[PDB]
Amino acid sequence: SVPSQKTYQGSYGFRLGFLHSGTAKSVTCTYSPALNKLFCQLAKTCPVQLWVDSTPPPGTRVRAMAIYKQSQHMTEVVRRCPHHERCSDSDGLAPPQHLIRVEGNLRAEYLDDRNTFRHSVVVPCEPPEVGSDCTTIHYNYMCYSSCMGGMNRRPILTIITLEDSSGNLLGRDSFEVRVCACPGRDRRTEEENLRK
Ligand SMILES: CCCSc1cc(C(=O)O)c(O)c(I)c1-n1cccc1
Ligand SMILES: [Zn+2]
């Protein structure tokens with residue numbers, strides 16, 4: 001099967017937000033609204049904002065999962081490549097096979113789905129800190145888009161779901177991801193291609 005990617009704000013008005021990091025050669029993570037695409041370096045912090053119109057109940061959680069964007073690959077589980085799954089870069093919580101990690105949250109849970117074999121990482125929802133209007137999760141992507149035997153140059157989407165305590169769907173958003181050495185240059189190139 002294939003997870004849904006349909007945007008769904010739901011009862012709480014759930015949606016993502018991204019910082020405006022620019023496209024300088026030194027940028028490590030940058031988001032293109034025109035492409036709905038995040039460009040990031042390997043294993044670097046990717047801040048993703050969560051926004052709601054109203055407060056969800058205690059026990060609500062936020063899950064992240066990657067799928068291949070192209071239909072002919074969408075049934076294949078997105079996983080780390082044969083090199084990176086063996087490079088012993090564990091943080092003590094993420095299984096070495098998982099592409100997406102959450103940084104700096106000891107309550108993150110990593111799921112290997114018993115039926116679909118897909119990987120995901122889920123955290124409890126926490127309200128914004130005093131003085132802030134949104135909550136930020138820091139993700140890391142642990143393989144390059146180009147990794148042979150893994151993503152192998154195939155584009156991926158990240159699907160972010162807001163879920164109740166049973167795992168039922170409350171909201172959904174998504175974005176394409178390219179993990180690459182020079183995200184600023186690649187964002188500029190792809191935005192230019194889109195304009196042309
Ligand atoms: C379940 C505990 C509360 S979760 C929550 C509350 C508020 C709020 O304003 O009260 C908010 O703005 C956000 I963004 C979140 N939130 C955190 C992750 C996803 C949504
Ligand atoms: Zn890899």
Side-chain angles (χ1 to χ4, degrees), residues 2-10 13-24 26-53 62-81 84 98-104 118-121 128 132-162 171-184 186-191 193-194:
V2 177
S4 174
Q5 63 182 88
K6 180 185 181 58
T7 299
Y8 173 57
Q9 289 208 352
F14 176 71
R15 71 280 186 181
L16 304 177
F18 299 86
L19 301 176
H20 304 273
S21 305
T23 61
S26 60
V27 78
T28 62
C29 178
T30 186
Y31 174 74
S32 172
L35 299 165
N36 187 32
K37 184 166 182 175
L38 187 71
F39 298 79
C40 62
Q41 288 176 351
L42 175 69
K44 300 295 178 60
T45 302
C46 299
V48 178
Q49 300 175 338
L50 309 174
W51 290 90
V52 295
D53 292 330
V62 178
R63 183 178 307 275
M65 180 184 290
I67 67 168
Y68 288 112
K69 181 184 182 188
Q70 298 163 287
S71 57
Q72 65 272 32
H73 301 297
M74 221 180 305
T75 59
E76 179 176 336
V77 171
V78 179
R79 61 172 59 260
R80 292 180 88 193
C81 74
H84 281 117
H98 280 222
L99 177 69
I100 304 178
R101 299 182 183 178
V102 169
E103 199 173 2
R118 294 191 188 267
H119 305 162
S120 60
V121 55
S132 293
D133 291 324
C134 69
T135 290
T136 300
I137 299 178
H138 299 104
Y139 291 109
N140 295 334
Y141 293 84
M142 304 299 305
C143 264
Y144 287 112
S145 290
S146 64
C147 276
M148 294 291 287
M151 287 181 286
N152 195 25
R153 309 194 166 281
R154 296 175 287 181
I156 60 158
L157 308 172
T158 297
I159 302 167
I160 306 295
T161 48
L162 189 71
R172 193 187 296 104
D173 204 343
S174 64
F175 53 99
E176 185 173 347
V177 181
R178 172 177 173 78
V179 189
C180 56
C182 306
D186 289 351
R187 177 179 166 196
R188 275 184 272 111
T189 297
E190 298 194 19
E191 288 186 355
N193 294 343
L194 180 61

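Keep in mind that the numbers below use all heavy atoms, side chains included, and drop hydrogens, waters and symmetry copies. Nothing fancy with the numbering, it's 1 onward along the sequence.
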Q: Check step by step if side chain to side chain contact (heavy atoms under 4.5 Å, CB included) holds for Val102 and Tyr139.
A: CA-CA 5 Å; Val102 169; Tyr139 291 109; 3.5 Å; yes
Q. What's the verdict on side chain to side chain contact (heavy atoms under 4.5 Å, CB included) for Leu162 and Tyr8, showing C-alpha distance, side-chain angles and the deciding distance?
A. CA-CA 10 Å; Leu162 189 71; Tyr8 173 57; over 6 Å; no
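Looking at residues two or more places apart in sequence or on another chain, you find a side-chain contact (heavy atoms from CB on, under 4.5 Å) between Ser145 and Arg178, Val179. Listed by chain and number, the residues in a side chain to side chain donor-acceptor pair (under 3.5 Å) with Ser120 are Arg63 (sequence neighbours excluded). Evaluation of the side chain to side chain donor-acceptor pair (under 3.5 Å) rule for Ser32 yields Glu191 as partners, not counting sequence neighbours. The side chain to side chain donor-acceptor pair (under 3.5 Å) search around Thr75 returns none, not counting sequence neighbours. When the salt bridge (charged side-chain N to carboxylate O under 4.0 Å, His left out) test is applied to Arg79, no partner is found at least two apart in sequence or on another chain. Residues passing the salt bridge (charged side-chain N to carboxylate O under 4.0 Å, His left out) test with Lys69, sequence neighbours excluded: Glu176. Applying the side chain to side chain donor-acceptor pair (under 3.5 Å) criterion to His98, with sequence neighbours excluded, gives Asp112. Residues forming a ring pair (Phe, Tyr, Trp, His ring centres under 6.0 Å) with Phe18 (at least two apart in sequence, or on another chain): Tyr31, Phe175. By the salt bridge (charged side-chain N to carboxylate O under 4.0 Å, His left out) test, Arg101 is found to be paired with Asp89, residues two or more places apart in sequence or in another chain being considered.
The shortest non-hydrogen separation linking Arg118 to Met74 is NH2-O, 2.8 Å. Here the closest heavy-atom approach between residue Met65 and residue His119 is recorded as CG-O, 3.5 Å. Among all heavy-atom pairs drawn from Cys40 and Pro183, the shortest one is N-CB, 3.8 Å.
Atoms CG and CD, from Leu35 and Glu190 in turn, are 6.0 Å apart once rounded to the nearest 0.5 Å. We find the OG1-CG distance between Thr7 and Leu16 to be 8.5 Å, quoted to the nearest 0.5 Å. Atom OH in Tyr144 sits 4.5 Å away from atom CG in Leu42 (nearest 0.5 Å). For the atom pair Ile137 CD1 and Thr45 OG1, the distance stands at 13.5 Å (nearest 0.5 Å). Here the CD atom belonging to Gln49 is positioned 5.0 Å from the OG1 atom belonging to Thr136, to the nearest 0.5 angstrom.
The only member of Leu19, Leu38, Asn140 that meets side chain to side chain contact (heavy atoms under 4.5 Å, CB included) when paired with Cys29 is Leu38.
Although no hydrogens or angles enter the test, the distance criterion places a donor-acceptor pair under 3.5 Å between the side chain of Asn36 and the main chain of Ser174.
Contact of the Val27 side chain with the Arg187 side chain is not registered, since no non-hydrogen atoms from C-beta on lie closer than 4.5 Å.
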Sequence neighbours left out, cut at 3.5 Å: what donor-acceptor pairs do the side chains of residues 146-161 make with other protein atoms?
| residue | atom | partner | partner atom | Å |
| --- | --- | --- | --- | --- |
| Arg154 | NE | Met151 | O | 2.9 |
| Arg154 | NH1 | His73 | ND1 | 3.3 |
| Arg154 | NH1 | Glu76 | OE1 | 2.7 |
| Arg154 | NH1 | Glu76 | OE2 | 3.4 |
| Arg154 | NH2 | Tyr68 | OH | 3.1 |
| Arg154 | NH2 | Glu76 | OE2 | 2.9 |
| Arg154 | NH2 | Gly150 | O | 2.9 |
| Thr158 | OG1 | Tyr141 | OH | 2.8 |

